[PDB]
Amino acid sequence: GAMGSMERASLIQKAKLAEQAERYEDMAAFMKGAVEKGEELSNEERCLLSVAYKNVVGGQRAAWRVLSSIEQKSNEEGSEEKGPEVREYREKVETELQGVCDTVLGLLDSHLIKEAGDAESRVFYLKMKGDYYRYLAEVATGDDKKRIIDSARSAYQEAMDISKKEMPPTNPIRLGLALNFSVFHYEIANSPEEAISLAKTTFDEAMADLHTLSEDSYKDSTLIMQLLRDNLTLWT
């Protein structure tokens, strides 16, 4: 690894600098280097890892969607044959996105998840595993597509099971997991009723628990609750 010679603390410091500079590819490479030191991650470090890769893959997904839309319009009837270039370039972006997903899933499997014993770490990593299989599913078309979808479902489900037993309904990790699993149901599993039911039940159970929270915790929980409501409004 190109980060193997840098101190763990220096990698974390530089990931924070990269975030301030909006250099998310650098941020992700620094956090990959920190994970590969082999020590468990703190809550803040997990946040840095997730934010870095979410921004990298988010840009790739946005580009993939632009190119896929152009590719589909070029394949309708009446469109002029533009040659292989749109498909080739969509494939190039797709392969780069798959590579990033494989990298994150590799960090989770070697060995973040197996060493995560507390609910807050284990749920966070299993949510990430579901997210990155979900991103693979968005672009999947081959023999393993159903297994990719089910790998996302399985990871999200294990995270949900732990979160329901070990975390309050307002815990932002539990809320963010439910938000994303609900989107998985809607966009990946073709299960809009499950997506809506999960978002509504999550929202209502969190609402009933807000009275236990400090002002700071209330702000974090209500932020994600608003995203749940935003999706419910989009879907109903």
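Residues carry their position along the shown sequence, with the first being 1.
The mean Cα B-factor in the deposited entry runs higher for 66 to 74 than for the other of 66 to 74 and 165 to 173. If you average the C-alpha B-factors over 151 to 159 and over 79 to 87, the higher value belongs to 79 to 87.
When the Cα B-factors of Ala178, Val56, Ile188, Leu48 are read from the PDB record, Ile188 comes out highest.
The PDB entry assigns the greatest CA B-factor among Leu126, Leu105, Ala119, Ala137 to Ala119. Sorting the modelled residues of the chain by their CA temperature factor places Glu40 in the highest third. Among all modelled residues in this chain, the alpha-carbon of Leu223 has a temperature factor (C-alpha) in the highest third. When the modelled residues of the chain are ordered by their C-alpha B factor, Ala18 lands in the middle third. Ranked within its chain, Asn231 lands in the middle third, by CA B factor from the PDB record. The deposited CA B-factor of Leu213 belongs to the highest third of values across its chain.
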